[PDB]
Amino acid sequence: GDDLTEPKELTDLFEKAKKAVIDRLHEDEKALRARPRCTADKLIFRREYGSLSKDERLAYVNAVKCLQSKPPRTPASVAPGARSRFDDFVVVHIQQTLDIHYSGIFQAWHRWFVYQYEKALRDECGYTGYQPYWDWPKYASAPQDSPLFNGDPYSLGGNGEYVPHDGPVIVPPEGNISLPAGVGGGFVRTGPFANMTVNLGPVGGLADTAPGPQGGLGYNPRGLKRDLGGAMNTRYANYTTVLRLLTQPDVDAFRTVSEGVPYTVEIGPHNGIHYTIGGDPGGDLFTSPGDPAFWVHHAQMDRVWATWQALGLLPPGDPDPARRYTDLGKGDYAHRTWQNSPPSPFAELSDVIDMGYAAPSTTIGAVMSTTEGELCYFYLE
């Protein structure tokens, strides 16, 4: 209804944000030349998956397949199940999952993760485009019918086949929250990732999968499963969710909407979309990058963060327009530990983003702006 229709208020926020980025890049380029790594000349825009041509979609799909057929950098002793460069990215996410969620590094870490995946597609696999994004609210009633997941030759593969199952149950550790099922739950049998082989994980057990060998870093080849449906997507990632997210006053409020409140009914669009993918390995937070769907999800997470950061450049807008480019927050998610359990120092801009064997490491500070450091991109509506 309301929540499944794109309000003009939201369309305007994306437009104001892109204009702020372009105006600021013009000025910054001139200031630097007067005495430049990113310019409005060099700026690329990541695109909405369904906006790409069939050829552009096919180029993306084939680059991903290429990365799944390139030999790994991860030593066999570190991850016996890593067979490919694609698996190298799964390995580092598995290794660091307990540190890089509900922590100060989460957004910066995942931004650089997506950038390094995109870079490997381009530099190692000859991809000529950029990482597309999953516009969550655009297909919320039926993501399995979208160009991302319709099972056509330009998709990332279809839904898992229907298998009767209950939605996931969140059990608070030392009341229970039952979430709605999608309309899949079995093996993906359509599109380019029909019968895709998943090598690593799961780290957790899933409904139909035992925890994988060597804590999910061993070799466990098995079919891709998904449980796409509108129930989780609609409930947790609609146009009202995105408008609420972009209108938050600071990073701690932003991330409370985005990442939810653990062991409550409000899981946020980040976990909402993870559960929307569901299946195997999407149901396992550790191994979630083992589904190509992960990357269009995290490109959207990055897009909403980068948009929100740019909205800070407007007149009040933040008094210090640099604030959203420097502020890692002061709340429960702003520390070097998951929800600050156990209590740990605040995340700092000087903190290392460790990409393990997958890719070069950097600092949080180096990735706070999509048009600074090595980064020169934004997003197109």
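Start at 1 with the first residue shown and count on from there.
According to the PDB entry, the deposited sequence contains 1 to 3 residues between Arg35 and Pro36 that lack coordinates. Across the two stretches, 15-23 and 362-370, the PDB entry reports the greater mean Cα temperature factor for 15-23. Two stretches are in play, 77-85 and 109-117, and the higher mean C-alpha B-factor belongs to 77-85. The top Cα temperature factor in the record, among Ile177, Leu311, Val296, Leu224, falls on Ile177. For the set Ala306, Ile100, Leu228, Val261, the maximum C-alpha B-factor listed in the entry falls on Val261. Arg189 sits in the highest third of its chain by CA B factor, as recorded in the PDB entry. For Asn159, the recorded CA B-factor ranks within the middle third of the chain. Only modelled residues enter the ranking.
In this PDB entry, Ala322 carries a Cα temperature factor that places it within the highest third of its chain's modelled residues.
Ranked by C-alpha B-factor against the other modelled residues of its chain, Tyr236 falls in the middle third. Among the modelled residues of its chain, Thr209 has a C-alpha B-factor that falls in the highest third according to the deposited record.
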